[PDB]
>>> print(open('start32.cif').read())   # mmCIF, C-alpha atoms and all ligand atoms
data_run
loop_
_atom_site.group_PDB
_atom_site.id
_atom_site.type_symbol
_atom_site.label_atom_id
_atom_site.label_comp_id
_atom_site.auth_asym_id
_atom_site.auth_seq_id
_atom_site.Cartn_x
_atom_site.Cartn_y
_atom_site.Cartn_z
ATOM 1 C CA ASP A 50 0.847 59.892 -128.001
ATOM 2 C CA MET A 51 0.455 56.126 -127.734
ATOM 3 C CA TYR A 52 -1.283 54.301 -124.871
ATOM 4 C CA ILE A 53 -1.971 50.645 -123.929
ATOM 5 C CA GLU A 54 -5.254 49.010 -122.777
ATOM 6 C CA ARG A 55 -5.528 45.458 -121.368
ATOM 7 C CA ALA A 56 -7.304 43.041 -123.799
ATOM 8 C CA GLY A 57 -7.020 39.686 -121.973
ATOM 9 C CA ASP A 58 -5.067 36.878 -120.385
ATOM 10 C CA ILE A 59 -2.542 34.814 -122.348
ATOM 11 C CA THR A 60 -3.829 31.219 -122.205
ATOM 12 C CA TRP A 61 -4.288 28.253 -124.569
ATOM 13 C CA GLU A 62 -8.050 27.723 -125.372
ATOM 14 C CA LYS A 63 -9.148 24.067 -125.613
ATOM 15 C CA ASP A 64 -11.229 23.555 -128.794
ATOM 16 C CA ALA A 65 -10.379 26.970 -130.315
ATOM 17 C CA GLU A 66 -11.233 27.505 -134.054
ATOM 18 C CA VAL A 67 -8.623 25.562 -136.112
ATOM 19 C CA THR A 68 -7.574 27.072 -139.485
ATOM 20 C CA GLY A 69 -4.671 28.091 -141.761
ATOM 21 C CA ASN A 70 -2.332 26.124 -143.924
ATOM 22 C CA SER A 71 1.469 25.497 -143.391
ATOM 23 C CA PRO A 72 3.445 26.879 -146.364
ATOM 24 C CA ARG A 73 7.166 26.151 -146.648
ATOM 25 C CA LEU A 74 8.687 29.317 -148.200
ATOM 26 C CA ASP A 75 12.166 30.495 -149.178
ATOM 27 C CA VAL A 76 12.552 34.022 -147.859
ATOM 28 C CA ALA A 77 15.150 36.783 -147.437
ATOM 29 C CA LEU A 78 15.287 39.331 -144.601
ATOM 30 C CA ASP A 79 16.805 42.747 -145.376
ATOM 31 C CA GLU A 80 18.508 45.243 -143.040
ATOM 32 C CA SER A 81 15.186 47.162 -142.689
ATOM 33 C CA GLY A 82 13.393 44.096 -141.202
ATOM 34 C CA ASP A 83 11.413 43.427 -144.387
ATOM 35 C CA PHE A 84 10.843 39.802 -145.469
ATOM 36 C CA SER A 85 10.628 39.033 -149.236
ATOM 37 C CA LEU A 86 10.086 35.813 -151.280
ATOM 38 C CA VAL A 87 13.132 34.207 -152.920
ATOM 39 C CA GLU A 88 12.231 32.667 -156.307
ATOM 40 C CA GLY B 16 -0.380 52.256 -114.790
ATOM 41 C CA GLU B 17 -1.583 48.661 -115.297
ATOM 42 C CA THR B 18 1.294 46.202 -114.962
ATOM 43 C CA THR B 19 -0.750 42.948 -114.884
ATOM 44 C CA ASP B 20 0.618 40.225 -117.186
ATOM 45 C CA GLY B 21 -1.440 39.742 -120.364
ATOM 46 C CA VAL B 22 -2.160 40.953 -123.860
ATOM 47 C CA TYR B 23 -2.729 44.692 -124.514
ATOM 48 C CA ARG B 24 -3.881 46.892 -127.422
ATOM 49 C CA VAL B 25 -1.538 49.756 -128.449
ATOM 50 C CA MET B 26 -3.682 52.779 -129.315
ATOM 51 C CA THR B 27 -3.097 56.332 -130.572
ATOM 52 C CA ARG B 28 -5.253 59.463 -130.604
ATOM 53 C CA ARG B 29 -3.007 61.288 -133.187
ATOM 54 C CA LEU B 30 -5.297 60.282 -136.088
ATOM 55 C CA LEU B 31 -9.139 60.290 -136.449
ATOM 56 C CA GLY B 32 -10.760 59.026 -133.194
ATOM 57 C CA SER B 33 -8.828 56.364 -131.248
ATOM 58 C CA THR B 34 -6.983 54.001 -133.545
ATOM 59 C CA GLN B 35 -5.454 50.621 -132.736
ATOM 60 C CA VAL B 36 -1.943 50.505 -134.276
ATOM 61 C CA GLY B 37 -0.920 47.181 -132.696
ATOM 62 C CA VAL B 38 -0.792 44.798 -129.751
ATOM 63 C CA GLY B 39 1.769 43.663 -127.160
ATOM 64 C CA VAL B 40 2.578 41.376 -124.256
ATOM 65 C CA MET B 41 3.175 42.372 -120.634
ATOM 66 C CA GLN B 42 5.285 39.749 -118.867
ATOM 67 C CA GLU B 43 7.524 40.047 -115.763
ATOM 68 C CA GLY B 44 7.015 43.839 -115.703
ATOM 69 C CA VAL B 45 8.213 44.295 -119.344
ATOM 70 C CA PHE B 46 6.054 45.336 -122.358
ATOM 71 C CA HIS B 47 6.905 43.506 -125.613
ATOM 72 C CA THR B 48 5.732 44.563 -129.094
ATOM 73 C CA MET B 49 6.969 44.838 -132.723
ATOM 74 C CA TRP B 50 9.175 47.803 -133.650
ATOM 75 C CA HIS B 51 6.970 48.833 -136.617
ATOM 76 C CA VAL B 52 3.971 49.299 -134.208
ATOM 77 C CA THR B 53 5.587 51.991 -131.988
ATOM 78 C CA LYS B 54 8.697 53.060 -134.008
ATOM 79 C CA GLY B 55 10.382 53.108 -130.537
ATOM 80 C CA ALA B 56 8.180 55.888 -129.116
ATOM 81 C CA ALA B 57 7.359 56.027 -125.366
ATOM 82 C CA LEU B 58 3.959 54.655 -124.275
ATOM 83 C CA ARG B 59 1.368 55.640 -121.683
ATOM 84 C CA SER B 60 -0.410 53.155 -119.340
ATOM 85 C CA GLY B 61 -3.044 55.185 -117.436
ATOM 86 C CA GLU B 62 -1.106 58.038 -115.795
ATOM 87 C CA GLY B 63 2.220 56.089 -116.023
ATOM 88 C CA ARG B 64 4.877 56.122 -118.746
ATOM 89 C CA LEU B 65 6.704 53.139 -120.331
ATOM 90 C CA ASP B 66 10.082 53.990 -121.828
ATOM 91 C CA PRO B 67 11.814 51.806 -124.452
ATOM 92 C CA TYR B 68 14.628 49.669 -123.099
ATOM 93 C CA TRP B 69 15.792 47.533 -126.056
ATOM 94 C CA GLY B 70 14.860 47.461 -129.739
ATOM 95 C CA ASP B 71 16.069 46.232 -133.112
ATOM 96 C CA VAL B 72 14.607 47.238 -136.507
ATOM 97 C CA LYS B 73 15.907 44.079 -138.278
ATOM 98 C CA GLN B 74 14.303 41.673 -135.738
ATOM 99 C CA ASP B 75 11.308 44.156 -135.752
ATOM 100 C CA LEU B 76 11.032 43.915 -131.921
ATOM 101 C CA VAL B 77 11.075 46.320 -128.956
ATOM 102 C CA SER B 78 10.798 45.933 -125.166
ATOM 103 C CA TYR B 79 9.738 48.613 -122.562
ATOM 104 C CA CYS B 80 10.769 48.949 -118.802
ATOM 105 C CA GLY B 81 13.250 46.070 -119.049
ATOM 106 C CA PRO B 82 15.019 43.549 -121.282
ATOM 107 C CA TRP B 83 13.152 41.103 -123.644
ATOM 108 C CA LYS B 84 11.718 38.315 -121.380
ATOM 109 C CA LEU B 85 10.048 35.920 -123.860
ATOM 110 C CA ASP B 86 12.191 32.862 -124.674
ATOM 111 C CA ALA B 87 9.866 29.975 -125.569
ATOM 112 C CA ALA B 88 10.335 28.481 -129.022
ATOM 113 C CA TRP B 89 8.021 26.602 -131.437
ATOM 114 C CA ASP B 90 8.880 22.866 -131.256
ATOM 115 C CA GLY B 91 8.736 22.485 -135.094
ATOM 116 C CA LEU B 92 5.944 19.842 -134.889
ATOM 117 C CA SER B 93 2.859 20.993 -132.912
ATOM 118 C CA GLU B 94 -0.061 23.273 -133.652
ATOM 119 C CA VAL B 95 0.076 26.678 -131.922
ATOM 120 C CA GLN B 96 -2.493 29.410 -131.232
ATOM 121 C CA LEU B 97 -2.483 33.011 -132.411
ATOM 122 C CA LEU B 98 -4.177 35.101 -129.672
ATOM 123 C CA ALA B 99 -5.437 37.601 -132.195
ATOM 124 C CA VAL B 100 -6.486 41.006 -130.814
ATOM 125 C CA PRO B 101 -8.090 42.769 -133.850
ATOM 126 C CA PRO B 102 -8.969 46.512 -133.828
ATOM 127 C CA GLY B 103 -12.391 47.103 -132.126
ATOM 128 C CA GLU B 104 -12.931 43.346 -131.614
ATOM 129 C CA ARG B 105 -12.541 40.913 -128.675
ATOM 130 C CA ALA B 106 -9.325 38.809 -128.190
ATOM 131 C CA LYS B 107 -9.820 35.421 -129.917
ATOM 132 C CA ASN B 108 -7.630 32.275 -130.103
ATOM 133 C CA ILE B 109 -6.965 30.729 -133.514
ATOM 134 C CA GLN B 110 -5.246 27.349 -133.669
ATOM 135 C CA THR B 111 -3.005 26.470 -136.657
ATOM 136 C CA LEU B 112 -0.014 24.300 -137.749
ATOM 137 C CA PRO B 113 2.804 26.697 -138.631
ATOM 138 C CA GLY B 114 4.617 26.563 -141.944
ATOM 139 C CA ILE B 115 8.298 27.539 -142.305
ATOM 140 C CA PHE B 116 10.272 30.515 -143.571
ATOM 141 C CA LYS B 117 13.588 29.068 -144.953
ATOM 142 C CA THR B 118 16.375 31.663 -144.893
ATOM 143 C CA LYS B 119 20.140 31.666 -145.539
ATOM 144 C CA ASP B 120 20.541 32.031 -141.715
ATOM 145 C CA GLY B 121 18.151 29.230 -140.697
ATOM 146 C CA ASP B 122 14.454 28.303 -140.602
ATOM 147 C CA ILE B 123 11.726 30.204 -138.727
ATOM 148 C CA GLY B 124 8.117 29.086 -138.015
ATOM 149 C CA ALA B 125 5.396 31.022 -139.857
ATOM 150 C CA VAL B 126 1.605 31.311 -139.434
ATOM 151 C CA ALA B 127 -0.679 31.630 -142.479
ATOM 152 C CA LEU B 128 -3.401 33.775 -140.873
ATOM 153 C CA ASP B 129 -4.620 37.081 -142.314
ATOM 154 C CA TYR B 130 -5.598 39.807 -139.815
ATOM 155 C CA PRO B 131 -5.693 43.676 -140.039
ATOM 156 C CA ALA B 132 -2.298 45.510 -139.700
ATOM 157 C CA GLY B 133 -3.447 46.750 -136.261
ATOM 158 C CA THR B 134 -3.300 43.156 -134.969
ATOM 159 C CA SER B 135 0.592 43.239 -135.262
ATOM 160 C CA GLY B 136 2.254 42.263 -131.976
ATOM 161 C CA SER B 137 -0.468 39.667 -131.085
ATOM 162 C CA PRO B 138 1.208 36.714 -129.300
ATOM 163 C CA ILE B 139 1.540 33.182 -130.756
ATOM 164 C CA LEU B 140 1.414 30.538 -127.943
ATOM 165 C CA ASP B 141 2.309 26.902 -127.420
ATOM 166 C CA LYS B 142 0.076 24.357 -125.500
ATOM 167 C CA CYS B 143 1.598 25.508 -122.160
ATOM 168 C CA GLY B 144 0.403 29.081 -122.788
ATOM 169 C CA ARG B 145 4.000 30.342 -123.322
ATOM 170 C CA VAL B 146 4.578 33.070 -125.873
ATOM 171 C CA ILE B 147 6.746 31.631 -128.679
ATOM 172 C CA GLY B 148 6.786 34.915 -130.691
ATOM 173 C CA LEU B 149 4.713 37.821 -132.015
ATOM 174 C CA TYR B 150 2.612 38.002 -135.173
ATOM 175 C CA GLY B 151 2.924 40.804 -137.732
ATOM 176 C CA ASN B 152 6.164 40.737 -139.708
ATOM 177 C CA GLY B 153 5.886 38.598 -142.812
ATOM 178 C CA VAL B 154 5.205 38.408 -146.501
ATOM 179 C CA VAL B 155 2.401 38.460 -149.109
ATOM 180 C CA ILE B 156 2.583 35.262 -151.201
ATOM 181 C CA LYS B 157 1.577 34.688 -154.932
ATOM 182 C CA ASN B 158 -2.228 34.311 -154.263
ATOM 183 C CA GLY B 159 -2.250 37.612 -152.290
ATOM 184 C CA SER B 160 -2.426 35.803 -148.900
ATOM 185 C CA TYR B 161 -0.498 37.028 -145.761
ATOM 186 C CA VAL B 162 1.983 34.736 -143.930
ATOM 187 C CA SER B 163 3.592 36.079 -140.712
ATOM 188 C CA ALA B 164 6.936 34.877 -139.248
ATOM 189 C CA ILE B 165 6.730 33.681 -135.645
ATOM 190 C CA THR B 166 9.071 36.475 -134.441
ATOM 191 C CA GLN B 167 10.852 35.788 -131.128
ATOM 192 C CA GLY B 168 13.521 37.826 -129.260
ATOM 193 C CA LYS B 169 16.522 36.674 -127.209
ATOM 194 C CA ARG B 170 16.353 36.652 -123.402
ATOM 195 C CA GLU B 171 19.831 37.886 -122.211
HETATM 196 N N1 LIG A 201 -2.805 41.082 -143.136
HETATM 197 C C1 LIG A 201 -1.705 41.823 -143.288
HETATM 198 N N2 LIG A 201 -1.210 42.293 -144.425
HETATM 199 N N3 LIG A 201 -0.033 42.984 -144.120
HETATM 200 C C2 LIG A 201 0.142 42.901 -142.809
HETATM 201 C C3 LIG A 201 1.178 43.386 -141.973
HETATM 202 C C4 LIG A 201 1.124 43.139 -140.632
HETATM 203 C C5 LIG A 201 0.056 42.400 -140.069
HETATM 204 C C6 LIG A 201 -0.932 41.924 -140.861
HETATM 205 N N4 LIG A 201 -0.891 42.173 -142.219
#
>>> encode(input="start32.cif", output="structure tokens", more="lines below")
Ligand SMILES: Nc1nnc2ccccn12
Amino acid sequence: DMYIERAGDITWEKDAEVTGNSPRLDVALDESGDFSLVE
Amino acid sequence: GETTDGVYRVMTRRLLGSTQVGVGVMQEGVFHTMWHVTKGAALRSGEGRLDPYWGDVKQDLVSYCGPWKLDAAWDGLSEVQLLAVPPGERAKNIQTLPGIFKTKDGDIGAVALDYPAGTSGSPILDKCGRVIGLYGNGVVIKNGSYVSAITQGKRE
């Protein structure tokens, strides 16, 4: 039995931690909602 | 139950202790999460019940109490923020420049941020604080890193 609990407001934070790269990838999406890489 | 707009953890007591299986967004009286988090099951909010209203396994999205309300889209140029809500940890904003998933049916934004599976359904926001999609359906690339699509539904 699943339940929800509030965790916060949805707002943009000025000067939040900035990380992550920006990969451009060829992908396929199957009928089950699974993404896979196309090579 | 609590109907206030915001980000929520999705918990279960079926397993050992209380386990966070995902996250979702309450907006305009509708609860939005990824399909793989709830498998379409009903949810509890205090003494109240939230019943599924729309869902789609291929999009990996589900809405409760009403139709999907989130319609903002990534502009294709700007940095965004993942409002990550990790299991047992406080909500935290992470800013990043999305990459792209190129598919035979068009391009989708993608965020290269690696968080526990229980963070699925955390919202990705633009600079106006609008939810442009949910984090948690993606792929594991060559180096073993996780890259999530920015998954957004359609507002009818
Ligand atoms: N880090 C990671 N690996 N697989 C997944 C799946 C969903 C959300 C996060 N994930």
>>> closest_atom_pairs(input="start32.cif", of="chain B", to="ligand LIG 201 (chain A)", cutoff="12 Å", atoms="only C-alpha atoms and all ligand atoms", output="JSON lines")
{"residue": "B:36", "atom": "CA", "partner": "A:LIG201", "partner_atom": "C5", "distance": 10.2}
{"residue": "B:37", "atom": "CA", "partner": "A:LIG201", "partner_atom": "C5", "distance": 8.8}
{"residue": "B:38", "atom": "CA", "partner": "A:LIG201", "partner_atom": "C5", "distance": 10.6}
{"residue": "B:49", "atom": "CA", "partner": "A:LIG201", "partner_atom": "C4", "distance": 10.0}
{"residue": "B:50", "atom": "CA", "partner": "A:LIG201", "partner_atom": "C4", "distance": 11.6}
{"residue": "B:51", "atom": "CA", "partner": "A:LIG201", "partner_atom": "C4", "distance": 9.1}
{"residue": "B:52", "atom": "CA", "partner": "A:LIG201", "partner_atom": "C4", "distance": 9.3}
{"residue": "B:75", "atom": "CA", "partner": "A:LIG201", "partner_atom": "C4", "distance": 11.3}
{"residue": "B:99", "atom": "CA", "partner": "A:LIG201", "partner_atom": "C6", "distance": 10.7}
{"residue": "B:100", "atom": "CA", "partner": "A:LIG201", "partner_atom": "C5", "distance": 11.4}
{"residue": "B:101", "atom": "CA", "partner": "A:LIG201", "partner_atom": "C6", "distance": 10.1}
{"residue": "B:102", "atom": "CA", "partner": "A:LIG201", "partner_atom": "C6", "distance": 11.6}
{"residue": "B:126", "atom": "CA", "partner": "A:LIG201", "partner_atom": "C6", "distance": 11.0}
{"residue": "B:127", "atom": "CA", "partner": "A:LIG201", "partner_atom": "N1", "distance": 9.7}
{"residue": "B:128", "atom": "CA", "partner": "A:LIG201", "partner_atom": "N1", "distance": 7.7}
{"residue": "B:129", "atom": "CA", "partner": "A:LIG201", "partner_atom": "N1", "distance": 4.5}
{"residue": "B:130", "atom": "CA", "partner": "A:LIG201", "partner_atom": "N1", "distance": 4.5}
{"residue": "B:131", "atom": "CA", "partner": "A:LIG201", "partner_atom": "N1", "distance": 5.0}
{"residue": "B:132", "atom": "CA", "partner": "A:LIG201", "partner_atom": "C5", "distance": 3.9}
{"residue": "B:133", "atom": "CA", "partner": "A:LIG201", "partner_atom": "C5", "distance": 6.8}
{"residue": "B:134", "atom": "CA", "partner": "A:LIG201", "partner_atom": "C5", "distance": 6.2}
{"residue": "B:135", "atom": "CA", "partner": "A:LIG201", "partner_atom": "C5", "distance": 4.9}
{"residue": "B:136", "atom": "CA", "partner": "A:LIG201", "partner_atom": "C5", "distance": 8.4}
{"residue": "B:137", "atom": "CA", "partner": "A:LIG201", "partner_atom": "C5", "distance": 9.4}
{"residue": "B:149", "atom": "CA", "partner": "A:LIG201", "partner_atom": "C5", "distance": 10.4}
{"residue": "B:150", "atom": "CA", "partner": "A:LIG201", "partner_atom": "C5", "distance": 7.1}
{"residue": "B:151", "atom": "CA", "partner": "A:LIG201", "partner_atom": "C5", "distance": 4.0}
{"residue": "B:152", "atom": "CA", "partner": "A:LIG201", "partner_atom": "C4", "distance": 5.7}
{"residue": "B:153", "atom": "CA", "partner": "A:LIG201", "partner_atom": "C3", "distance": 6.8}
{"residue": "B:154", "atom": "CA", "partner": "A:LIG201", "partner_atom": "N3", "distance": 7.4}
{"residue": "B:155", "atom": "CA", "partner": "A:LIG201", "partner_atom": "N2", "distance": 7.0}
{"residue": "B:156", "atom": "CA", "partner": "A:LIG201", "partner_atom": "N2", "distance": 10.5}
{"residue": "B:159", "atom": "CA", "partner": "A:LIG201", "partner_atom": "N2", "distance": 9.2}
{"residue": "B:160", "atom": "CA", "partner": "A:LIG201", "partner_atom": "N1", "distance": 7.8}
{"residue": "B:161", "atom": "CA", "partner": "A:LIG201", "partner_atom": "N1", "distance": 5.4}
{"residue": "B:162", "atom": "CA", "partner": "A:LIG201", "partner_atom": "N1", "distance": 8.0}
{"residue": "B:163", "atom": "CA", "partner": "A:LIG201", "partner_atom": "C5", "distance": 7.3}
{"residue": "B:164", "atom": "CA", "partner": "A:LIG201", "partner_atom": "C4", "distance": 10.2}
{"residue": "B:165", "atom": "CA", "partner": "A:LIG201", "partner_atom": "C5", "distance": 11.8}
>>> closest_residue(input="start32.cif", among="A:56, A:63, A:72, A:50", to="residue 104 (chain B)", atoms="all atoms listed in the file")
A:56
>>> resolve_selection(input="start32.cif", expression="the PyMOL selection byres (((chain A and resi 87) around 12) and not hetatm)", output="list in words")
residues 73, 74, 75, 76, 77, 78, 79, 84, 85, 86 and 88 of chain A; 116, 117, 118, 119, 154, 156 and 157 of chain B
>>> write_last_selection(input="start32.cif", atoms="C-alpha atoms", output="PDB file, in the frame of the given file")
ATOM      1  CA  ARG A  73       7.166  26.151-146.648  1.00  0.00           C
ATOM      2  CA  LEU A  74       8.687  29.317-148.200  1.00  0.00           C
ATOM      3  CA  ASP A  75      12.166  30.495-149.178  1.00  0.00           C
ATOM      4  CA  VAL A  76      12.552  34.022-147.859  1.00  0.00           C
ATOM      5  CA  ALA A  77      15.150  36.783-147.437  1.00  0.00           C
ATOM      6  CA  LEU A  78      15.287  39.331-144.601  1.00  0.00           C
ATOM      7  CA  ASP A  79      16.805  42.747-145.376  1.00  0.00           C
ATOM      8  CA  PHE A  84      10.843  39.802-145.469  1.00  0.00           C
ATOM      9  CA  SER A  85      10.628  39.033-149.236  1.00  0.00           C
ATOM     10  CA  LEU A  86      10.086  35.813-151.280  1.00  0.00           C
ATOM     11  CA  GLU A  88      12.231  32.667-156.307  1.00  0.00           C
TER      12      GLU A  88
ATOM     13  CA  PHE B 116      10.272  30.515-143.571  1.00  0.00           C
ATOM     14  CA  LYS B 117      13.588  29.068-144.953  1.00  0.00           C
ATOM     15  CA  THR B 118      16.375  31.663-144.893  1.00  0.00           C
ATOM     16  CA  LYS B 119      20.140  31.666-145.539  1.00  0.00           C
ATOM     17  CA  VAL B 154       5.205  38.408-146.501  1.00  0.00           C
ATOM     18  CA  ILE B 156       2.583  35.262-151.201  1.00  0.00           C
ATOM     19  CA  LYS B 157       1.577  34.688-154.932  1.00  0.00           C
TER      20      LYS B 157
END
>>> atom_distance(input="start32.cif", atom1="CA of residue 169 (chain B)", atom2="CA of residue 86 (chain B)")
6.3 Å
>>> resolve_selection(input="start32.cif", expression="the PyMOL selection byres (((chain A and resi 62) around 12) and not hetatm)", output="list in words")
residues 58, 59, 60, 61, 63, 64, 65, 66 and 67 of chain A; 95, 96, 97, 98, 106, 107, 108, 109, 110, 140, 141, 142, 143 and 144 of chain B
>>> write_last_selection(input="start32.cif", atoms="C-alpha atoms", output="PDB file, in the frame of the given file")
ATOM      1  CA  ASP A  58      -5.067  36.878-120.385  1.00  0.00           C
ATOM      2  CA  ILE A  59      -2.542  34.814-122.348  1.00  0.00           C
ATOM      3  CA  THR A  60      -3.829  31.219-122.205  1.00  0.00           C
ATOM      4  CA  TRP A  61      -4.288  28.253-124.569  1.00  0.00           C
ATOM      5  CA  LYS A  63      -9.148  24.067-125.613  1.00  0.00           C
ATOM      6  CA  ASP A  64     -11.229  23.555-128.794  1.00  0.00           C
ATOM      7  CA  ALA A  65     -10.379  26.970-130.315  1.00  0.00           C
ATOM      8  CA  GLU A  66     -11.233  27.505-134.054  1.00  0.00           C
ATOM      9  CA  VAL A  67      -8.623  25.562-136.112  1.00  0.00           C
TER      10      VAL A  67
ATOM     11  CA  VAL B  95       0.076  26.678-131.922  1.00  0.00           C
ATOM     12  CA  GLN B  96      -2.493  29.410-131.232  1.00  0.00           C
ATOM     13  CA  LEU B  97      -2.483  33.011-132.411  1.00  0.00           C
ATOM     14  CA  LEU B  98      -4.177  35.101-129.672  1.00  0.00           C
ATOM     15  CA  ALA B 106      -9.325  38.809-128.190  1.00  0.00           C
ATOM     16  CA  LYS B 107      -9.820  35.421-129.917  1.00  0.00           C
ATOM     17  CA  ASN B 108      -7.630  32.275-130.103  1.00  0.00           C
ATOM     18  CA  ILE B 109      -6.965  30.729-133.514  1.00  0.00           C
ATOM     19  CA  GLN B 110      -5.246  27.349-133.669  1.00  0.00           C
ATOM     20  CA  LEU B 140       1.414  30.538-127.943  1.00  0.00           C
ATOM     21  CA  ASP B 141       2.309  26.902-127.420  1.00  0.00           C
ATOM     22  CA  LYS B 142       0.076  24.357-125.500  1.00  0.00           C
ATOM     23  CA  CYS B 143       1.598  25.508-122.160  1.00  0.00           C
ATOM     24  CA  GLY B 144       0.403  29.081-122.788  1.00  0.00           C
TER      25      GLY B 144
END
>>> atom_distance(input="start32.cif", atom1="CA of residue 78 (chain B)", atom2="CA of residue 45 (chain B)")
6.6 Å
>>> residues_around(input="start32.cif", residues="residue 42 (chain B)", least_positions_apart="2", cutoff="9 Å", atoms="only C-alpha atoms", output="VMD selection string")
chain B and resid 18 to 21 40 44 to 47 84 to 85
>>> write_last_selection(input="start32.cif", atoms="C-alpha atoms", output="compact mmCIF listing (two decimals), keeping the file's coordinate frame")
# COMPACT_ATOMS: atom_id res chain seq x y z
CA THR B 18 1.29 46.20 -114.96
CA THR B 19 -0.75 42.95 -114.88
CA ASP B 20 0.62 40.22 -117.19
CA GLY B 21 -1.44 39.74 -120.36
CA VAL B 40 2.58 41.38 -124.26
CA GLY B 44 7.02 43.84 -115.70
CA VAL B 45 8.21 44.30 -119.34
CA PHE B 46 6.05 45.34 -122.36
CA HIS B 47 6.90 43.51 -125.61
CA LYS B 84 11.72 38.32 -121.38
CA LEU B 85 10.05 35.92 -123.86
>>> resolve_selection(input="start32.cif", expression="the PyMOL selection byres (((chain B and resi 59) around 12) and not hetatm)", output="PyMOL selection string")
(chain A and resi 50-54) or (chain B and resi 16-18+24-28+46+53+56-58+60-67+79-80)
>>> atom_distance(input="start32.cif", atom1="CA of residue 82 (chain B)", atom2="CA of residue 22 (chain B)")
17.6 Å
